[PDB]
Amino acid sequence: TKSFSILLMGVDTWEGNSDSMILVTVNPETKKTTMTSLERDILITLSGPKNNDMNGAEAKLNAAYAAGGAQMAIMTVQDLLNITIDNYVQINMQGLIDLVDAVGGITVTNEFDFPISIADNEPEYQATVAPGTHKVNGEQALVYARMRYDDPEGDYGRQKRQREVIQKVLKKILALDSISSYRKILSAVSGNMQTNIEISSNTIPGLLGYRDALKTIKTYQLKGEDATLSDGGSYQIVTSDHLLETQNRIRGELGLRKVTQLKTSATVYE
C-alpha cells in the first residue's frame, strides 16, 4: 500500500528497439493511476553503465534502449524526470496480443472513415479494425496501436492510441476477482514479457493489493516542438515549462516534494 513508479516499454525483439516509453504512477491511497507517454524523438544526454560507448552522448530517447537495454532506458528516463523509478516492464508484440486475448479483448473506436491496416507495410499483421466502435482481439489491438500515418503528426495519435489500449486492458484487470484469473494472464504472457518485479505464487496476490489504483486512470503526453535533423529526420526539444509541470505532476502522484528548479539530462532550448 505505497505509491510506486513503473516504466513500461514495448520492444520489437531482450535487445531490439523501443516502440513506446510510458511512465506509470500507481497510488493505492488516492485510488489513481497516471500514464505519461514520453516522446521517443526527445533529444537527451543518455545515462548508462560507464562500460558503455553511448553513456554521455546526446541522442534521441529511443536510443537508450538500443544501446544498453532496459537498464539504460531506466537510467536515461530517471535523469530526464529527476525521480527514481522503482520497476520496469518490457513487453514485445506477441506479448501485447496474448495479454489483450487473456483479458477477453477490448473496445476501440476507429475515428477515420477507412479500416485500419498495416499489412501493406508489415505483412506479419494482416488484421484490420473497421470504422466505428467494435470489440477487438489482440491482433486487431496491436494494429490499432502500431498504425502510424508516417506524418510529423504520426506518433501523437499513435501515442494516444497506445495509451488507450493499455488503459482499456487495465480496466479489464480491475474487474477480475480471482487470483487464478491473474495467474492465467501471467502464464499467457510468460515468454514475451520481462520485469524487475518478482513473479511467483508469493506475488500474484500481493499485486491485487493495488487494484484500487485502477479506479481512476488519467492519461498524459510529454511534448514540445518538432524540429529537423541534418539527415532530414525529426527531433523535439522540450519547453522547460512543459517539462517541470510534468516532473511535478508525477512527483505529486508519487508522494514527493514539488521541485523548485529543473534538473534534467534533456536538452532544453536554453
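One-based numbering along the sequence shown.
> I'd like the number of residues from the deposited sequence that lie between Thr13 and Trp14 yet are not in the model, binned as none, 1 to 3, 4 to 9, or 10 or more.
The entry leaves 4 to 9 residues without coordinates here.
> Please compare 162-170 with 195-203 and name the stretch with the higher mean C-alpha B-factor in the deposited structure.
Comparing 162-170 with 195-203, the higher mean C-alpha B-factor belongs to 195-203.
> Once you work out the mean C-alpha B-factor for both 236-244 and 34-42 from the entry, which is higher?
Of 236-244 and 34-42, the stretch with the higher C-alpha B-factor average is 236-244.
> If you compare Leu176, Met75, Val136, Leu96, which has the highest Cα B-factor in the entry?
Comparing C-alpha B-factors across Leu176, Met75, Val136, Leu96, the top value belongs to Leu176.
> Sort the modelled residues of this chain by their C-alpha B factor and say whether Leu7 lands in the lowest, middle or highest third.
It belongs to the lowest third of the chain when residues are ordered by C-alpha B-factor.
> Would you check the entry's CA temperature factor for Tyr88 and let me know if it's in the chain's lowest, middle or highest third?
Lowest third - that is where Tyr88 ends up once the chain's C-alpha B-factors are sorted.
> When the modelled residues of the chain are sorted by Cα temperature factor, does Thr219 land in the lowest, middle or highest third?
For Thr219, the deposited C-alpha B-factor lands in the middle third.
> Lowest, middle or highest third: where is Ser180 by Cα B-factor in its chain?
Highest third - that is where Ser180 ends up once the chain's C-alpha B-factors are sorted.
> For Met54, does the deposited CA B-factor place it in the lowest, middle or highest third of the chain?
Middle third of the chain for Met54's C-alpha B-factor.
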